[PDB]
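**Q** Take this structure, written in structure tokens, and hold onto it; I'll ask about it next.
Note: ideal-geometry Cβ built from the backbone for every residue, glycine included; neighbour counts use all protein chains shown. Readers should treat all values here as calculations from the given coordinates under stated rules, not as data from a laboratory.
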């Protein structure tokens, strides 16, 4: 394949196999990773060398609940204090029902999570589909609404009434 | 110290709500001393909790350390245990804390409640000194919230959800086991002698299920086999712990240099004397193997062991099968060639 045995790329090959921690091999009909999409996505979590909250954030951004179920939520992951709460908040803003269900199943309690400030933040988000809440708030206030107005829970009570 | 503790009255009983996973699970709980008489415990379990007398008792023993089971084995084990405990009115005695085989029983119960009706009377007898929150549970006869989230650095473990009732036994210590084995054995002995509704004279059958294990599982198996009424046991081969060692020892009954597993204090310390005593009383040991042998179903393995292990006559086996409302067990075991009915 090359210029006989006189020319070889074995030095480069042995350097690559010395750094074989990142190399992933997909073998058809083999032990693990029979799917290409699973082989690619699982390599991005191990190869990132980040913490569990960062892996959960990546899986939440990719909207892949099976990757987080089979890799991130495993035996003894040692989540930092206050990480699952922020993960639940991010999944709640981005309209990720599967991730909310998975996080509720995997430890978080909605009674301690939901506070007045968190609900206020949830009512003033931008990540999500279109909604007519701002028009209703403007209509209840009879106009004269300053730009970049934070919607308080009192206005939400008024619009509910 | 030499157990110089204050004999104060109990101050924590009622119902706990497991805030956490996506289930609305209630669980009665009391805290009692480890010297409590089994008669009062049975009285409280029968009248204060409105639990009818069981037709069967299943005792689960396993390793304290959190092990993992391979796939395609824990699924059939859980399905068989759930089917045996649901088709028959029975109680399941477990450790209670979310460690070891108790987690397997918990997920087996979790996977059953999502597809079928009915409830299983799972009872956890756990020491009081290992709960992650000794507080937040002291409300007498009132609902107490409980959190299922676990912190690995807390050096304790959380109470396992999907359990119907809890019996918390304390000897005054905190952070150590050994405060519930004697009480659990005494309660099993007292409920075994309790009389079933049939007027033949037979009591509640008791079986033992062994998954994983350790240096003390062989001892508890031996003390089960040495009881005045013998208690049949059922072990599994795919666990890898002393249950697997006992399953291997089931082959070639009655090889001593094969005991070196780097699991005890070299070859100088061995449990082979109690192991060979158990294998000498191997007439009641039952091994469940997938594909290699018969009895591929856990519920069939448990129920058929209770008829052979009872060592009673055919009318008593028929009465037991009638009480359990299992017609297939009576069809396949009791009604065979040459049974000599009185």
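**Q** Based on the Kirkwood radius over alpha-carbon pairs, what value in µm²/s does the Stokes-Einstein equation return for the translational diffusion coefficient of region B:200-280 at 37 °C and 0.692 mPa s?
**A** 238
**Q** Right, next: Sticking to Cα atoms, compute the Rg of region B:90-246 to one decimal and its Dmax as the biggest Cα-Cα distance, whole number, in Å.
**A** Final numbers for Rg and Dmax: 17.1, 55 Å.
**Q** Calculate the spin-label point distance for residue B:331 paired with residue B:266, positioning each point 7 Å from the Cα along the beta-carbon direction, and give it in nanometres.
**A** It is 6.0 nm.
**Q** Using Stokes-Einstein with the Kirkwood hydrodynamic radius over Cα pairs, what translational diffusion coefficient do you get for chain A at 25 °C and a viscosity of 0.890 mPa s, in µm²/s rounded to a whole number? Before the final figure, lay out each step's value.
**A** On the way: Rh = 20.1 Å.
Translational D for this selection: 122 µm²/s.
**Q** With contacts defined as alpha carbon pairs under 8 Å and 6 or more residues apart, what's the relative contact order of region B:1-128 in percent?
**A** Contact order relative to length: 21 percent.
**Q** Direction-averaged shadow area of the convex hull around the Cα atoms of region A:1-84, nm²?
**A** Computed as one quarter of the Cα hull surface, the answer is 8.2 nm².
**Q** Taking a virtual spin label 7 Å from the Cα of residue A:61 along the C-beta vector, which residues in region A:97-139 bring their backbone nitrogen under 17 Å of it?
**A** What the label zone holds, given the 17 Å backbone N cut-off, is A:127-128.
**Q** On to the next question. Using the per-residue mean of other Cβ atoms lying within 10 Å as a proxy for protection, in what order, highest first, do the peptides B:144-155, A:84-95 fall?
**A** Sorting B:144-155, A:84-95 by mean packing, highest first, produces A:84-95, B:144-155.
**Q** Right, next: How far is helix A:83-93 tilted off the main Cα axis of chain A, in degrees rounded to 10, range 0 to 90?
**A** The angle comes out near 70 degrees.
**Q** Which three numbers, in whole Å and largest first, are the semi-axes of the equivalent ellipsoid of region B:197-342 derived from its Cα gyration tensor as √(5λ)?
**A** 33, 16, 13
**Q** Taking each residue in B:148-155, count the Cβ atoms of any other chain within 10 Å of its Cβ, then average. What number comes out?
**A** 3
**Q** Need one number for chain B: average projected area of the convex hull over its C-alpha atoms, nm².
**A** Approximately 19.8 nm², given one-decimal rounding.
**Q** Here's another thing I want to ask about it. Test of understanding: express the Cα radius of gyration of region B:60-103 as a ratio to 2.2 N^0.38 Å, with N the residue count.
**A** Computed over Cα atoms of region B:60-103, the ratio equals 1.23.
**Q** Which FRET efficiency, nearest 0.05, do residue B:276 and residue A:1 yield, Cβ-Cβ r, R0 60 Å?
**A** With a Förster radius of 60 Å, E is 0.45.
**Q** Another question, then. Under the definition of partner shielding as Cβ atoms of other protein chains within 10 Å of a residue Cβ, what is the mean value for peptide A:99-107?
**A** Details: counts 0, 0, 1, 1, 0, 3, 5, 5, 6.
Mean inter-chain Cβ contacts per residue within 10 Å come to 2.
**Q** Would you please report the Å³ per residue occupied by the convex hull of the alpha carbon atoms in region B:137-218?
**A** Looking at region B:137-218, the number lands at 192 Å³ per residue.
**Q** What percentage of all Cα-Cα pairs in the protein assembly as shown are separated by more than 29 Å?
**A** Beyond 29 Å sits 63 percent of the P(r) for the protein assembly as shown.
**Q** Roughly how compact is region B:288-332, stated as its Cα Rg over 2.2 N^0.38 Å to two decimals?
**A** 1.20
**Q** If we sort B:266-277, B:129-140 on the protection proxy, mean other Cβ atoms within 10 Å, highest first, what's the order? Numbers along the way, then the final one.
**A** On the way: B:266-277: 12.5, B:129-140: 16.3.
Final packing ranking: B:129-140, B:266-277.
**Q** Could you list the residues of region B:201-238 with an amide nitrogen less than 20 Å from a label point located 7 Å from the Cα of residue B:314 in the Cα-to-C-beta direction?
**A** Those under the cut-off are B:201-202.
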